[PDB]
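Engineer: First, the structure itself, so that you have it in front of you.
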Amino acid sequence: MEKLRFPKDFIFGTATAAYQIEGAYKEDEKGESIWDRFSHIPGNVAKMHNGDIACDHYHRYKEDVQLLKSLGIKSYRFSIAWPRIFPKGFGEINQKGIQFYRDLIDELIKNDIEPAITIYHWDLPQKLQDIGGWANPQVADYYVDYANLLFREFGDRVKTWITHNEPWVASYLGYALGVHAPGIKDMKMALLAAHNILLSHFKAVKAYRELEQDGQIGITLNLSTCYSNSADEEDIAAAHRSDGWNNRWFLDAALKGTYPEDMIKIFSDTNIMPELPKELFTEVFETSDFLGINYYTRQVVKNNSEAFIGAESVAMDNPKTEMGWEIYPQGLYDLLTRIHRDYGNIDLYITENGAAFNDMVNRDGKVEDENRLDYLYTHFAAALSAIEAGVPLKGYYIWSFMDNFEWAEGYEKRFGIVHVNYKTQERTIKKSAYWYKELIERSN
């Protein structure tokens, strides 16, 4: 296969989240988060794994920054842990927490790396969950105050802001399926949580615009192209319903300021739609500067009148990752072109794309992750083709910089381009990272 080359202004990065890599879960007066709570209760996370220590990045950040530099990576997406800054969610600011992020940001900049900051990446202070979490609109108000502080402290030096990571996952897995923190199992509440999360996004965007900083702000959505299992009208409609939940609910909300009417009807007819304020987003909608896309796989769907939204995913006979997710680079091309087709010319960033594989250090000290390299080659190829088709794709962040705590899956699923030995904390750059360094260099 021919070597891939992107335009010189394309942004190449890698991404992480605070809970997944930082550790130091109780240091410097950091408050308890919902993930600290969830992972400390048995039955929630595989093998009782937790983020207490994770990759110890809170301590090792200087060397981890040098790892990025050594790969020629010039953009780095990370999250700021709300409870390091406001241990109780609001009120008294924790200076040690702000100082950690100031030092990290200064370290990145000194080393020619542009920070992209995710403001909320699932680590709600537990004190806020004690008052309802995202079901309570008061928590959205506290979020904006927290965002305002970050803009004030860092906005002079940070030019890309992501308000929320994967609000669909946060609401659906956290409040409907009970598989992520806070572990609630109530779809009606999840839809309310999703509403308040979107409200907090638009309000943070509104606040950001007043500052006239040199930067851009947007949301990151997990998105998964849906295909019908057959050509029967039945199955095609089922795929469009799954698309409605997976993709359109948040796409329409974030990009048009409305929820898709077909899905409202479905949720209403099954009595899972919450009573939401009458105005919805009619008075608060704010256009983002970009849309962040987290893409990993597709869904193939058949009709099942007894299933949630009458849709059932079909397990496909194709190569798949250690998550069980089908490797389907065509889905990424299809998604990028679809977003440009349906929502017009808004700048796009792939804020996450990557794969979990069973990686390990070999007899020569190397981590030869050919499966990930090949995965990345095909997905970057699809992204490049979308660019050729005119999609305004401006950058691409690999998930993840290093192997980390994969939420309810624990440490068992390795997404890094850098291997982490959890017993010794040794980092070992994987083959895929070296391939990435060459891609970035070639494109520069």
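By order in the structure tokens, chains are A, B, ...; within a chain, residues start at 1; ligands start at 1, following the order shown.
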Show me, as JSON, numbers by chain, the residues that have an atom within 6 Å of residue 273 of chain A when counting only C-alpha atoms, minus same-chain residues fewer than 3 positions from it.
Structural biologist: {"A": [188, 267, 268]}
Engineer: With N, CA, C and O atoms retained, write the just-selected residues as an mmCIF file, in the first residue's frame.
Structural biologist:
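What ended up in out22.cif:
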```cif
data_model
loop_
_atom_site.group_PDB
_atom_site.id
_atom_site.type_symbol
_atom_site.label_atom_id
_atom_site.label_comp_id
_atom_site.auth_asym_id
_atom_site.auth_seq_id
_atom_site.Cartn_x
_atom_site.Cartn_y
_atom_site.Cartn_z
ATOM 1 N N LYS A 188 -35.572 7.278 31.239
ATOM 2 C CA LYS A 188 -36.219 8.581 31.339
ATOM 3 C C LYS A 188 -35.299 9.620 31.992
ATOM 4 O O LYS A 188 -35.172 10.758 31.516
ATOM 5 N N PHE A 267 -39.780 7.666 21.600
ATOM 6 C CA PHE A 267 -39.618 7.752 23.044
ATOM 7 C C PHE A 267 -40.923 8.100 23.752
ATOM 8 O O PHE A 267 -41.188 7.581 24.836
ATOM 9 N N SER A 268 -41.706 8.999 23.164
ATOM 10 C CA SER A 268 -42.995 9.382 23.743
ATOM 11 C C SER A 268 -43.976 8.216 23.763
ATOM 12 O O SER A 268 -44.621 7.976 24.785
#
```
Engineer: Leaving out residue 184 of chain A and any residue of its chain fewer than 5 positions from it, which residues lie within 10 Å of it when counting only C-alpha atoms, given as a ChimeraX atom specification?
Structural biologist: /A:171-179,189-190
Engineer: Just to be explicit: take each residue in the selection above, keep C-alpha atoms, and write the result as a PDB file, in the first residue's frame.
Structural biologist:
```
ATOM      1  CA  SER A 171     -26.122   9.741  29.746  1.00  0.00           C
ATOM      2  CA  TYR A 172     -26.940   6.343  28.250  1.00  0.00           C
ATOM      3  CA  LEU A 173     -24.258   4.140  29.866  1.00  0.00           C
ATOM      4  CA  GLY A 174     -24.206   6.151  33.109  1.00  0.00           C
ATOM      5  CA  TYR A 175     -27.916   6.781  33.697  1.00  0.00           C
ATOM      6  CA  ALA A 176     -29.836   4.296  31.500  1.00  0.00           C
ATOM      7  CA  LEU A 177     -27.814   1.069  31.376  1.00  0.00           C
ATOM      8  CA  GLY A 178     -25.994   1.446  34.728  1.00  0.00           C
ATOM      9  CA  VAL A 179     -22.746   0.259  33.179  1.00  0.00           C
ATOM     10  CA  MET A 189     -33.632  10.040  33.729  1.00  0.00           C
ATOM     11  CA  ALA A 190     -30.847   9.448  31.176  1.00  0.00           C
TER      12      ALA A 190
END
```
Engineer: Let's see if you can do this: from backbone DSSP, list all helix (DSSP H, G or I) residues in segment 52-169 of chain A, as a PyMOL selection string.
Structural biologist: chain A and resi 57-70+82-85+95-110+126-129+133-135+137-154+167-169
Engineer: What's the 7 Å shell around residue 314 of chain A, counting only C-alpha atoms, without same-chain residues fewer than 4 positions away, as a list in words?
Structural biologist: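 Returned residues: residues 300, 301 and 302 of chain A.
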Engineer: Take the residues just selected and output them with N, CA, C and O atoms as a PDB file, in the first residue's frame.
Structural biologist:
```
ATOM      1  N   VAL A 300     -24.587  -2.872  12.227  1.00  0.00           N
ATOM      2  CA  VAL A 300     -25.469  -3.408  11.194  1.00  0.00           C
ATOM      3  C   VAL A 300     -26.724  -3.804  11.961  1.00  0.00           C
ATOM      4  O   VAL A 300     -26.637  -4.418  13.028  1.00  0.00           O
ATOM      5  N   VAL A 301     -27.884  -3.426  11.436  1.00  0.00           N
ATOM      6  CA  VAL A 301     -29.114  -3.491  12.215  1.00  0.00           C
ATOM      7  C   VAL A 301     -30.258  -4.206  11.503  1.00  0.00           C
ATOM      8  O   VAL A 301     -30.495  -4.005  10.311  1.00  0.00           O
ATOM      9  N   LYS A 302     -30.970  -5.043  12.247  1.00  0.00           N
ATOM     10  CA  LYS A 302     -32.196  -5.622  11.712  1.00  0.00           C
ATOM     11  C   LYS A 302     -33.384  -5.210  12.578  1.00  0.00           C
ATOM     12  O   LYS A 302     -33.216  -4.855  13.746  1.00  0.00           O
TER      13      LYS A 302
END
```
Engineer: Quick one: residues within 6 Å of segment 52-56 of chain A, only C-alpha atoms, excluding same-chain residues fewer than 3 positions away - as a list in words?
Structural biologist: residues 21, 22, 23, 24, 25 and 59 of chain A
Engineer: Hey, what's within 10 Å of residue 121 of chain A if we count only C-alpha atoms and toss same-chain stuff fewer than 4 positions away? As a list in words, please?
Structural biologist: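 Listed by chain and then number, they are residues 16, 17, 18, 19, 20, 78, 79, 80, 81, 82, 117, 162, 163, 164, 165, 166, 167 and 170 of chain A.
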Engineer: Extract the full set of strand (DSSP E) residues from segment 288-317 of chain A according to DSSP on the backbone, and format it as a JSON list (two decimals) with N, CA and C atoms, in the first residue's frame.
Structural biologist:
```json
[["chain", "number", "residue", "atom", "x", "y", "z"],
["A", 290, "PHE", "N", -16.49, 23.84, 15.92],
["A", 290, "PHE", "CA", -16.20, 22.57, 15.24],
["A", 290, "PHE", "C", -17.02, 21.48, 15.92],
["A", 291, "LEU", "N", -17.01, 20.31, 15.29],
["A", 291, "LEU", "CA", -17.62, 19.13, 15.86],
["A", 291, "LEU", "C", -16.50, 18.11, 16.03],
["A", 292, "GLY", "N", -16.40, 17.54, 17.23],
["A", 292, "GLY", "CA", -15.43, 16.49, 17.49],
["A", 292, "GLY", "C", -16.15, 15.16, 17.32],
["A", 293, "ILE", "N", -15.52, 14.27, 16.57],
["A", 293, "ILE", "CA", -16.09, 12.96, 16.26],
["A", 293, "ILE", "C", -15.21, 11.88, 16.87],
["A", 294, "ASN", "N", -15.85, 10.97, 17.60],
["A", 294, "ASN", "CA", -15.19, 9.78, 18.12],
["A", 294, "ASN", "C", -15.79, 8.60, 17.37],
["A", 299, "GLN", "N", -22.53, -0.21, 13.00],
["A", 299, "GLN", "CA", -23.57, -1.08, 13.51],
["A", 299, "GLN", "C", -24.34, -1.57, 12.29],
["A", 300, "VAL", "N", -24.59, -2.87, 12.23],
["A", 300, "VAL", "CA", -25.47, -3.41, 11.19],
["A", 300, "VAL", "C", -26.72, -3.80, 11.96],
["A", 301, "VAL", "N", -27.88, -3.43, 11.44],
["A", 301, "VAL", "CA", -29.11, -3.49, 12.22],
["A", 301, "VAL", "C", -30.26, -4.21, 11.50],
["A", 302, "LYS", "N", -30.97, -5.04, 12.25],
["A", 302, "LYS", "CA", -32.20, -5.62, 11.71],
["A", 302, "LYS", "C", -33.38, -5.21, 12.58],
["A", 303, "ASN", "N", -34.58, -5.26, 12.00],
["A", 303, "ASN", "CA", -35.80, -4.97, 12.76],
["A", 303, "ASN", "C", -36.06, -6.07, 13.79],
["A", 311, "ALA", "N", -34.87, -2.18, 17.18],
["A", 311, "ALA", "CA", -33.65, -2.37, 16.42],
["A", 311, "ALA", "C", -32.74, -3.34, 17.16],
["A", 312, "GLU", "N", -32.08, -4.19, 16.38],
["A", 312, "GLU", "CA", -31.14, -5.16, 16.93],
["A", 312, "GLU", "C", -29.89, -5.18, 16.05],
["A", 313, "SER", "N", -28.74, -5.06, 16.71],
["A", 313, "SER", "CA", -27.45, -5.12, 16.05],
["A", 313, "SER", "C", -27.14, -6.56, 15.69]]
```
Engineer: As number ranges by chain, please: the residues near segment 199-205 of chain A (cut-off 6 Å, only C-alpha atoms, same-chain neighbours under 2 positions excluded).
Structural biologist: A: 140, 144, 163, 196-197, 207-208, 285-286
Engineer: Using only C-alpha atoms, which of the listed residues (A:94, A:44, A:75, A:270) sits closest to residue 395 of chain A?
Structural biologist: A:75
Engineer: Would you mind telling me which residue in A:440, A:50, A:34, A:304 lies nearest to residue 236 of chain A when using only C-alpha atoms?
Structural biologist: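 Residue with the minimum atom-to-atom distance to residue 236 of chain A: A:304.
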Engineer: When you look at residue 257 of chain A with a cut-off of 9 Å (counting only C-alpha atoms), what residues show up, excluding the ones that are within fewer than 6 positions of it in the same chain? I need them as a ChimeraX atom specification.
Structural biologist: /A:251,280-282,284-287
Engineer: So what do you get for atom CA of residue 410 of chain A versus atom CA of residue 423 of chain A, distance-wise?
Structural biologist: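 The value is 14.6 Å.
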Engineer: Interatomic distance between atom CA of residue 357 of chain A and atom CA of residue 321 of chain A?
Structural biologist: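 The value is 6.0 Å.
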Engineer: Which is closest to residue 160 of chain A among A:14, A:444, A:118, A:428, if we use only C-alpha atoms?
Structural biologist: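 Once distances to residue 160 of chain A are computed over only C-alpha atoms, the minimum belongs to A:118.
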Engineer: Would you mind telling me which residue in A:394, A:26, A:84, A:427 lies nearest to residue 68 of chain A when using only C-alpha atoms?
Structural biologist: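 Among the listed residues, the smallest separation from residue 68 of chain A belongs to A:427.
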